[PDB]
Amino acid sequence: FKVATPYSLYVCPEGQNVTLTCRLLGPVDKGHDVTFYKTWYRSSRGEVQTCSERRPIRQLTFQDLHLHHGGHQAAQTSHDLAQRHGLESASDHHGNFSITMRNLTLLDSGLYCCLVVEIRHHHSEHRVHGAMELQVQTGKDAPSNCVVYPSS
Amino acid sequence: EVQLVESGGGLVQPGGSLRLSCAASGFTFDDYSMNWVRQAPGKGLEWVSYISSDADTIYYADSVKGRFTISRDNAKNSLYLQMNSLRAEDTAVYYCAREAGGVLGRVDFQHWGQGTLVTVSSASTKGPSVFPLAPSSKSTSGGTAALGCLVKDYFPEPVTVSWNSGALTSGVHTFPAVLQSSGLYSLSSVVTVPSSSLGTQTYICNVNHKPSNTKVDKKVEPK
Amino acid sequence: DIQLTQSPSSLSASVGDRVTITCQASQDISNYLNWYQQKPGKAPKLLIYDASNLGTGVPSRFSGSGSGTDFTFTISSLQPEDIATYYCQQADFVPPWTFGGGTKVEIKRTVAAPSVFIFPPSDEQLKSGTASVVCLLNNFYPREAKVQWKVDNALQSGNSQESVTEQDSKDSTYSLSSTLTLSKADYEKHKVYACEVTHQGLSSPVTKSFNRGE
Ligand SMILES: *[C@@H]1O[C@H](CO)[C@@H](O)[C@H](O)[C@H]1NC(C)=O
């Protein structure tokens, strides 16, 4: 299994809503008896490894934004988070894995990582991730709406 | 400063239930994730359960899952651990621990409590019997006397032993409890002092045993 | 579930010596490894977080490094107060958060002579109907020793229990106490009482005693 990142950069003005997307291409589930821990977090383009360091998204860690479910299922974060923090992590049957961000601010800018962790035989060695930038801008130079740039 | 006071531990029979509390102060308890970590007597650390800041995410170790239930009261700055269907193996010191939070979103256990002993045993509560260890005339090795108390036949652990209501700290050697073929623990607490000040200063060991409510003092003079 | 193999389980090193502890993770754990210190009696205390990041007010002699699978914890110059058991702890995404098993750090010292003492059974205890004698061995190194219980020159066997303290935080010494527990009947039989001590610090085995009736 692998994770595909359709867009490498997201450019948005303050006040917008934006949805970051990772596509879980090819589930590779030899039947059931397998669950998937899926989460989002912020990180850096470090020297050694990327998506290594785990920084929060609006004071919410990877554990706050996590989804745990079997391959057959979909999953969503609770309404409490959406109302309070303005974050909604979502995952459906058709590959798609997303996080949605309400009322964008300059503090939201950064490098965002999706994680998908295959859990099987009480073991979770098989893990993949994606990365994409978000740039929240300000002023009259900033665009009317959000804009995403395709990956290479 | 951050402070974490566990309470609620004690003796309980196989199959029994018990509830631990962890009283938080010196930080916004609301904002931080909390864990329980147990350490069986003389053994390594084992993580037990996890609890999110607003309790949306909760995890348990497999060994406790089905039995133990974690919760928190953010209004009361309080973390709880209901424990049901207790086995021999659950005998351990239980620490609540607060994850270093902050803007970095850390996950390490930076603040621990002092812990609360949980014993699981069908054997009964039993208070100690304090007997003095008197400094004899020919047992003051070169102007240096040594005396103590012998806290004998108690169950469960622990006892706490101070000297002169905590005012005498220097010289003291409180030994580990020793299980016996009685089925009961015993320890000794000793302290070295100058033999010239045997008659001058009064020396009193202050035994305490909260399981059986046995607070005891014991004067020690030469005999 | 991620297993952490921590090496060595126990350790002995002099004041000033470099000390290096190793943690081996059964999976890649990136740098998600925390290092705690547990002094005897006290609870654990975080020293390092995420492999190499030092905690606040933590001596700079403490350091850590490693990534993926192989990790180290290092004390630059071991000090007497650093006597403790050190644990490693993995901080992975998924819940089963496991610990090392731990490395006990005791400190190497010059040989020291045990200041031996002996104490009779109390009158209060004799009324109850038992006779315990405590033979103390005070402030010594090394930890290993032999205490022989003897009553009118007759070696005792399988009728006592020893108990030894953790190493001191300053002078790096231990203490030992041994308790020969008898009934009131068997106590009143034989006359003289003594415990014979053997040690490296004592070339000639030292003994302390009391003639019963005083
Ligand atoms: C973002 O989502 C909120 C909540 O559903 C909605 O009311 C709002 O109109 C959205 N913002 C924009 C700029 O469309």
Side-chain angles (χ1 to χ4, degrees), chain A residues 3-24 36-44 51 54-70 72-78 80-82 84-117 129-139 141-151, chain B residues 28 30-33 51-58 74-75 101-105, chain C residues 93:
Chain A
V3 165
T5 292
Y7 320 123
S8 64
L9 172 63
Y10 295 71
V11 173
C12 292
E14 289 171 296
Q16 270 285 11
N17 307 349
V18 67
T19 296
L20 311 189
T21 306
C22 289
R23 219 183 198 75
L24 188 280
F36 293 103
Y37 178 99
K38 304 176 183 183
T39 190
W40 291 80
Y41 56 79
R42 272 190 290 189
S43 194
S44 56
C51 299
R54 306 172 295 193
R55 311 217 290 290
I57 301 167
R58 304 183 164 177
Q59 317 182 317
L60 291 195
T61 64
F62 53 93
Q63 292 295 349
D64 296 300
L65 296 176
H66 94 289
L67 299 175
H68 190 249
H69 62 77
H72 61 294
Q73 295 183 349
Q76 298 150 3
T77 50
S78 58
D80 292 306
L81 296 195
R84 181 167 189 232
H85 294 96
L87 301 176
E88 181 171 359
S89 186
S91 181
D92 62 53
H93 297 63
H94 311 111
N96 283 291
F97 176 49
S98 59
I99 189 178
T100 296
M101 292 176 84
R102 305 300 192 188
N103 187 11
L104 280 176
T105 61
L106 290 167
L107 302 198
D108 295 310
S109 304
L111 194 81
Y112 284 71
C113 299
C114 55
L115 182 77
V116 180
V117 176
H129 62 100
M132 59 215 84
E133 184 161 2
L134 179 62
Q135 287 181 355
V136 182
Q137 294 192 309
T138 186
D141 286 55
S144 66
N145 219 292
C146 283
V147 165
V148 313
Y149 291 70
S151 296
Chain B
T28 307
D30 311 297
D31 297 312
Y32 300 76
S33 308
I51 223 290
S52 191
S53 76
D54 253 350
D56 201 77
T57 312
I58 295 180
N74 283 338
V103 304
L104 272 65
Chain C
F93 292 96

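Each ligand, and each atom within it, is numbered from 1 in the order the structure gives. Within every chain, numbering begins at 1; the chains are lettered A, B, ... in the order of the sequence lines, protein sequences first and strands thereafter. Computed from heavy atoms alone, side chains included, the values below leave out hydrogens, waters and symmetry copies.
Remark: B:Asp31 engages no residue in a salt bridge (charged side-chain N to carboxylate O under 4.0 Å, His left out) (not counting sequence neighbours).
Relative ring orientation between A:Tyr41 and A:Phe62 is described as perpendicular, the plane-to-plane angle rising above 60° on a 0-90° scale split at 30° and 60°.
Closest of all the heavy-atom pairs between A:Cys51 and A:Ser43 is CA-OG, 3.3 Å.
Within ligand 1, the atoms closer than 4.0 Å to a non-hydrogen atom of A:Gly15 are 13 (C), numbered from 1 in the order shown. Listed by atom number, the atoms of ligand 1 under 4.0 Å from A:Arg102 heavy atoms are 1 (C), 2 (O). Short contacts between ligand 1 and A:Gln16, defined as distances under 4.0 Å to a heavy atom of the residue, involve ligand atoms 13 (C).
On a distance-only criterion, A:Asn17 and ligand 1 share at least one N/O pair closer than 3.5 Å.
The aromatic ring centroids of A:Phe97 and A:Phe36 lie 6.0 Å or more from each other.
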